[PDB]
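Trainee: This is the structure, below, for whatever I ask next.
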Amino acid sequence: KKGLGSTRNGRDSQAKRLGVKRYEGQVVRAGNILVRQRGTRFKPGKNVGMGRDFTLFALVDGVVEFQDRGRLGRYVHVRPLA
Amino acid sequence: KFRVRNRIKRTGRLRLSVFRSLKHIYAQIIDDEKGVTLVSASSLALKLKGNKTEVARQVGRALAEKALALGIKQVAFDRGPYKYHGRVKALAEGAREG
Amino acid sequence: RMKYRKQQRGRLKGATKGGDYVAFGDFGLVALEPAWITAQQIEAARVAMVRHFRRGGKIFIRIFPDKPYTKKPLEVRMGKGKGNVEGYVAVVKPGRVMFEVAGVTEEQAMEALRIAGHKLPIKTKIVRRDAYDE
Amino acid sequence: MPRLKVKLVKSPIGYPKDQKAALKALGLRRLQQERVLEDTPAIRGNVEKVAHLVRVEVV
Amino acid sequence: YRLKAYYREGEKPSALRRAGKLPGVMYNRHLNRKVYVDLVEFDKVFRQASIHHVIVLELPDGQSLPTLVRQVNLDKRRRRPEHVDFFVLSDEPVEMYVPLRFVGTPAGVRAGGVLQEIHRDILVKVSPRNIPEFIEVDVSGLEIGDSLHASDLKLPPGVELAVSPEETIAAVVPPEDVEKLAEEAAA
RNA sequence: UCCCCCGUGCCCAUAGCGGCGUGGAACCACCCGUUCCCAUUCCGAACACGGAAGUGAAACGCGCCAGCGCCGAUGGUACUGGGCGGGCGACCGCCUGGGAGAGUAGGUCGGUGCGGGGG
RNA sequence: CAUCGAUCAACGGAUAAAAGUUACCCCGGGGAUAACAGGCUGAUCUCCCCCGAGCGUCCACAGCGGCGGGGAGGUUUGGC
RNA sequence: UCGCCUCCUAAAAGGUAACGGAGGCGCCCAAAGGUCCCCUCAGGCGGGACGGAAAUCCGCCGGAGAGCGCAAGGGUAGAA
RNA sequence: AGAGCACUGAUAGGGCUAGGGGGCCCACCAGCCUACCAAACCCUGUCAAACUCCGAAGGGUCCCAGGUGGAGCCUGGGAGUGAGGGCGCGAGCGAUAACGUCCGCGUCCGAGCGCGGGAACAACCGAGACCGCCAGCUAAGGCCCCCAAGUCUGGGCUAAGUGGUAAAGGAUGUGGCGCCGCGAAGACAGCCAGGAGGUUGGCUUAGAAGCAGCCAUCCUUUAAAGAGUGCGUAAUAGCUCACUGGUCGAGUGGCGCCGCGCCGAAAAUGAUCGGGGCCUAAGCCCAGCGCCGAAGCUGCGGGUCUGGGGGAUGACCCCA
Ligand SMILES: [Mg+2]
Ligand SMILES: [Mg+2]
Ligand SMILES: [Mg+2]
Ligand SMILES: [Mg+2]
Ligand SMILES: [Mg+2]
Ligand SMILES: [Mg+2]
Ligand SMILES: [Mg+2]
Ligand SMILES: [Mg+2]
Ligand SMILES: [Mg+2]
Ligand SMILES: [Mg+2]
Ligand SMILES: [Mg+2]
Ligand SMILES: [Mg+2]
Ligand SMILES: [Mg+2]
Ligand SMILES: [Mg+2]
Ligand SMILES: [Mg+2]
Ligand SMILES: [Mg+2]
Ligand SMILES: [Mg+2]
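Going down the list, the sequences are from chains AL27, AL18, AL16, AL30 and AL25.
Here the deposited numbering runs 3 ahead of the position in the first sequence, where the first position is 1.
Here the deposited numbering runs 10 ahead of the position in the second sequence, where the first position is 1.
Here the deposited numbering runs 5 ahead of the position in the third sequence, where the first position is 1.
One point on numbering: in the deposited numbering, the residue at position 50 of the fourth sequence is 50, and numbering is uninterrupted.
Here the deposited numbering runs 2 ahead of the position in the fifth sequence, where the first position is 1.
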């Protein structure tokens, strides 16, 4: 019954929690993060912004919204105000 | 082609988009958000002479006169495809000096 | 071919899209129930048609084995079967037009498809044509 | 507008978790239990959610 | 060719789908009416009517409309139709298909060959007034290796095309024999 | 309030591609010269200055076509919540909600806000 | 306070410093786990058949059944 | 094989196992770092002394199919 | 999921065409045809976990509203658990085997081996058991006997014990449907009469007269015969095939589909749906009323817990 041993295909990597964090119409505070992502899939809009890892974080307190610039991408903004 | 239209749109508002043609030079002060123009300084649309460089230097002094009575102070330049050199400097260099 | 190695399976779900209609041909063969038709009954069904009529006709195979088989050899459990020891198979669901031919009447072709229809694990129904072209 | 009266003739055994928790929201604990409420469409959902367990009458 | 038809409305499709009826719909440029028709009546007629013959509908509104099929949503699996689209003709131009009745026996068939009527029908540009029946082709001087495109065609009066004259229509292919299995399983 | 031109912003191909006509009064571009600011990994090609010999050919904006491209219903279907049924088997069927994809008729050679100049 | 000495790679790292044999063996437990069988399957095995290209002096079927296809048994080799 | 990275299995929030299917890392860059400015590919067609299917050039077509150090994925010429 | 080919790759046919294969220009080194292999591109029709121009039901999150549930939150004391298993589904592995395994959702056993149907049968079906009662309603499932309840009513189906376990396949089993041919000028089956010359068609062989193979896809006298549907032949001759006539006398044939059946189908102690036994319905399809049924619900009684309520109260009294 004694057979062979082994291949090469069991390696994997561990999870990165890739997602939109806060969603549209969610109250967010200051500094919060909104989009953890790979690249510029959703782009930083009004009162948003990103460093290094494409991380959309609110510059200022407000409400989060989505608008679709079809061509120009997808944009997450911040409605400060109230 | 344009970039710096976007570069300013990051920071504040108050686009001062300058158009330069071979005999003409038009300089507005246009605000986004509301997406509406304001001080529409020009020369070939005003009445000034035609020596180009030393003509931009005066339309540059117009917005100052015209705007400082409208609640304006905040510079926010908008070089077009041009390169901050000749007429665009003279157009500019009178602005804050005005 | 060129492809790349081996592939999972795929539960033949809805007896559907794997389906067609007699295009470039007179009469054709249909599937009453699904299976995994192999690159060895096809040829076996193919040559069985030609041999019925020497010098004649044109047989239009319309399925292709683009799928890997996988079998291990008597061992235990490790890795995935390299397999292919029978080769390649073609995903076949009902309604599909397996074969269809042209070049003779029917008394010389109601059997050529009747024959090869016996080279299949699945029940078949010869298609006349029915000009229902879409 | 008339109310909503619902009776139950089936048991929540062999049926999922949320399906049960609705019956708590509607207040169904026993057998042939009669909870009569106000035909509000938010509530109708959980009746539409367990339509097979409960019997519905219009009052 | 005459053909009774009926109306379906707020009912449900699969209903008289069972009882032997058949659902459909008609449309032009300013009307869309869900309707239904008998199947065995549709199956009696369409087999030779096809996507070509004159199609008339004599609805219980007394109306009698010259129309055409243009989509057959057959039941994939179970060789039977399920739904039909109807185009309301009028007078304005229209694209449609015309049979390509080939005539004679070709030359390549003699020394081994079979006709492969690639397109028996051609999308054309024409008027409902002018309803051609077929476009004959003297396919005969064609041998094992001689094809025929949309270029090689004599068109009836008042009819023009919308496909491409750089397309294909028919061909005579070599046959298949048993002496050539050597070129196959053993190589 | 409207029409043309110029700068520009939004809706993101019912704006795009190709072809066809028009526009030069002002508009803008081509165009003259590189003396000075500036500049080309050679070059006034481009960036730039000075400017009126020439023109709307280019490029550009405006109107027509529908060939490509795009948009695209209704209808019906696959599929699927959820409840249920049949076959040991691969799988299939019923009911109530949801409802595609592609294919059809059809539509499309953009729409709009601000300022400035000229009507 | 700033910084250095890591295949501590068995990479949350027992020590700073570590390989084997036992059938001369023993102990504590495990069918949570292998051989013999009981059980599931039935890939292979044995038997059986369906079409029918051809053999059989002429002719598919007296007897034979290419390429294929579907089954019964659970006697083999195996899998669980 | 043991740590870490990319895709699927991952059943459309995250996450998900198997001695499942496929591939990488233990480096590197004083410029591959930041600021300001200029420029925008691969490929194809057709002409071009070398070479020659493929050398630098030129006209057209060319919206991303090139490039972004290394595996893969996301992203991206309205630049990175 | 689905579907599609616009990216990644895969593919059958045809087409036009870079390259090469046969053949001439037989060589300046190029060229034309091509039942040849072949990419670029197009149409026809497609394949995909690591393809997506699209795209769901569902899924997650914030707001609003219902929702008082042993909801949710916070602080602290204490534990236990961290081997699980079954079934339905979506995948991977495995042989589209395994009462095999690794995952996800949900369910249940474990902790419900406590009850009722499934003959028996932990997780299949119903249904959460606080106790008592010789009370009533029911779910699953059942109604000839063990075995409580219609040998119930109407309408079909099958002659095998199908029911009471299995295929590809064969068929002249049976019933229902639809699509047509024939026929009073006379049709299906039977019976009588005739059934031929050109022609031993051309190639083919020892031979090919129809019966070896290949090929096309003739002319006739006659009311009617086809380069012949089988046998038979070595080739032949012989019969019979359809076809014409008469006979004749109340009808006939062919295609496919479904509803139910037949065979296929051979194992080891003794055999059987649980057993008997069954318009032989006590089996299958449909419709209707009725009945039995579990600890589920209801009825009365008792206990205990949480909460409210009565008392200027221990206790007791009420209701959920
Ligand atoms: Mg991120
Ligand atoms: Mg319908
Ligand atoms: Mg005027
Ligand atoms: Mg450690
Ligand atoms: Mg010793
Ligand atoms: Mg062993
Ligand atoms: Mg047979
Ligand atoms: Mg055999
Ligand atoms: Mg950089
Ligand atoms: Mg790059
Ligand atoms: Mg799929
Ligand atoms: Mg609330
Ligand atoms: Mg029991
Ligand atoms: Mg109770
Ligand atoms: Mg009794
Ligand atoms: Mg036996
Ligand atoms: Mg025994």
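For each residue, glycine too, the CB sits at the ideal point set by N, CA and C.
Using a threshold of 8 Å, state whether the C-beta atoms of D148 (chain AL25) and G114 (chain AL25) are closer than that.
Mentor: Taking 8 Å as the Cβ cut-off, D148 (chain AL25) and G114 (chain AL25) do not qualify as a contacting pair.
Trainee: For chain AL16, find out if any of its Cβ atoms is closer than 8 Å to the Cβ of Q118 (chain AL25); answer yes or no.
Mentor: Closer than 8 Å to some Cβ of chain AL16, the Cβ of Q118 (chain AL25) qualifies, so yes.
Trainee: List, in chain order, every chain AL27 residue whose beta-carbon is nearer than 9 Å to that of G84 (chain AL16).
Mentor: Those are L7, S9, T10 and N12, listed as they occur along chain AL27.
Trainee: Kindly list, in the order they appear in chain AL16, the residues whose Cβ is closer than 8 Å to that of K46 (chain AL25).
Mentor: None at all; the shortest Cβ gap to chain AL16 is about 13 Å.
Trainee: Which residue wins for smallest C-alpha separation from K98 (chain AL16), given the options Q113 (chain AL16), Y9 (chain AL16), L79 (chain AL16) and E38 (chain AL16)?
Mentor: The option with the nearest alpha carbon to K98 (chain AL16) is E38 (chain AL16).
Trainee: Determine, for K78 (chain AL25), whether the minimum Cβ-Cβ distance to residues of chain AL16 falls below 8 Å.
Mentor: With 8 Å as the cut-off, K78 (chain AL25) counts as an interface residue toward chain AL16.
Trainee: Rounded C-beta distance between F44 (chain AL25) and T69 (chain AL25)? I'm assuming under 8 Å.
Mentor: About 13 Å separates the two Cβ atoms, so there is no contact after all.
Trainee: For a contact defined as C-beta to C-beta under 8 Å, what are the partners of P39 (chain AL16) on chain AL25?
Mentor: The premise fails here: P39 (chain AL16) is roughly 10 Å from chain AL25 at the closest Cβ pair, so nothing lies under 8 Å.
Trainee: What does DSSP give as the partner residues of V102 (chain AL16) in its beta bridges?
Mentor: Its beta-bridge partners are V35 (chain AL16).
Trainee: Residues of chain AL27 with a CB under 7 Å from the CB of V55 (chain AL16): which are they?
Mentor: Ordered by position in chain AL27, no residue passes the 7 Å Cβ test against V55 (chain AL16), which lies about 43 Å from the chain.
Trainee: Using a C-beta to C-beta distance shorter than 7 Å, which residues of chain AL27 count as neighbours of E80 (chain AL16)?
Mentor: Under the 7 Å cutoff, chain AL27 gives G6.
Trainee: Residues in its own chain within less than 8 Å of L150 (chain AL25) by CB, not counting five upstream and five downstream?
Mentor: Result list for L150 (chain AL25): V139, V141, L144, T170, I171, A172 and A173, in chain order.
Trainee: Should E105 (chain AL16) go down as buried or exposed, given a rule of 16 or more other Cβ atoms within 10 Å for buried?
Mentor: Buried: at least 16 other Cβ atoms inside 10 Å.
Trainee: When the Cα of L53 (chain AL30) is compared with those of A42 (chain AL30), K20 (chain AL30) and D39 (chain AL30), which residue comes out closest?
Mentor: When each option's Cα is compared against that of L53 (chain AL30), the closest is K20 (chain AL30).
Trainee: Give a yes or no on contact between the stretch 117 to 128 of chain AL16 and the stretch 29 to 48 of chain AL16, applying the rule of three or more CB pairs nearer than 8 Å.
Mentor: Output reads yes: the stretch 29 to 48 of chain AL16 touches the stretch 117 to 128 of chain AL16.
Trainee: Check whether the stretch 61 to 70 of chain AL16 and the stretch 85 to 100 of chain AL16 are in contact - that is, three or more C-beta pairs closer than 8 Å.
Mentor: The stretch 61 to 70 of chain AL16, when compared against the stretch 85 to 100 of chain AL16, does touch it at the 8 Å Cβ threshold.
Trainee: Where does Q17 (chain AL27) sit, in a helix, a strand or coil, going by DSSP?
Mentor: If DSSP states are grouped into helix, strand and coil, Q17 (chain AL27) belongs with coil.
Trainee: Between the stretch 52 to 72 of chain AL25 and chain AL16, which residues of the former have a C-beta closer than 8 Å to a C-beta of the latter?
Mentor: Residues passing the 8 Å Cβ filter: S52 and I53.
Trainee: With a threshold of 8 Å between beta carbons, is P167 (chain AL25) in contact with chain AL16?
Mentor: Cβ-Cβ to chain AL16 under 8 Å: no for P167 (chain AL25).
Trainee: Tell me whether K128 (chain AL16) counts as near ligand 6, meaning its Cβ is closer than 7 Å to at least one heavy atom of that ligand.
Mentor: It does not: the Cβ of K128 (chain AL16) is nowhere closer than 7 Å to a heavy atom of ligand 6.
Trainee: So what does DSSP say about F12 (chain AL18), is it helix, strand or coil?
Mentor: Reduced to three states, the DSSP call for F12 (chain AL18) is coil.
Trainee: According to DSSP, is residue 193 (chain AL25) helix, strand or coil?
Mentor: With chain AL25 running from 3 to 189 in the structure shown, residue 193 (chain AL25) is simply not present.
Trainee: Nearest-angstrom Cα distance between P25 (chain AL25) and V37 (chain AL25)?
Mentor: Cα-Cα distance, rounded: 6 Å.
Trainee: Quick one: list the residues of chain AL25 neighbouring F69 (chain AL16), beta-carbon separation under 8 Å, in chain order.
Mentor: Result: empty, since nearest Cβ-Cβ is about 16 Å, beyond 8 Å.
Trainee: Looking at C-alpha atoms only, which residue of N12 (chain AL27), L7 (chain AL27), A18 (chain AL27) and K46 (chain AL27) is the closest neighbour of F69 (chain AL27)?
Mentor: Among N12 (chain AL27), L7 (chain AL27), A18 (chain AL27) and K46 (chain AL27), the Cα nearest to that of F69 (chain AL27) belongs to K46 (chain AL27).
Trainee: Is the closest heavy atom of ligand 6 to the C-beta of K4 (chain AL27) under 7 Å?
Mentor: Yes - ligand 6 has a heavy atom lying nearer than 7 Å to the Cβ of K4 (chain AL27).
Trainee: Would you list, in chain order, the members of the stretch 172 to 183 of chain AL25 that have their beta-carbon closer than 7 Å to a beta-carbon of chain AL16?
Mentor: Those residues of the stretch 172 to 183 of chain AL25 that come within reach of chain AL16 (Cβ to Cβ, closer than 7 Å) are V175, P177, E178, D179, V180 and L183.
Trainee: Can you tell me whether DSSP reads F29 (chain AL16) as helix, strand or coil?
Mentor: Correct three-state label for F29 (chain AL16): coil.
Trainee: At which residue ranges does the stretch 46 to 84 of chain AL18 contain complete alpha helix (DSSP H) runs of 4 or more residues, listed in the order of the chain?
Mentor: Entirely contained in the stretch 46 to 84 of chain AL18, the alpha helix (DSSP H) runs reaching 4 residues are, in chain order, 63 to 77.
Trainee: Please report the distance separating the alpha-carbon of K19 (chain AL27) from that of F60 (chain AL27).
Mentor: For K19 (chain AL27) and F60 (chain AL27), the distance between alpha carbons rounds to 18 Å.
Trainee: Per DSSP, what are the beta-bridge partners of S27 (chain AL18) in this structure?
Mentor: Paired residues: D88 (chain AL18).
Trainee: Which residues bound the alpha helix (DSSP H) around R119 (chain AL16)?
Mentor: Where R119 (chain AL16) is concerned, the enclosing alpha helix (DSSP H) stretches over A117 to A121.
Trainee: Just to check my reading of the structure: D123 (chain AL25) and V86 (chain AL25) have Cβ atoms closer than 8 Å, yes? What is that Cβ distance to the nearest angstrom?
Mentor: Contact flag wrong, Cβ pair sits at about 18 Å.
Trainee: State yes or no: is the C-beta of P15 (chain AL25) nearer than 7 Å to some heavy atom of ligand 2?
Mentor: Yes.
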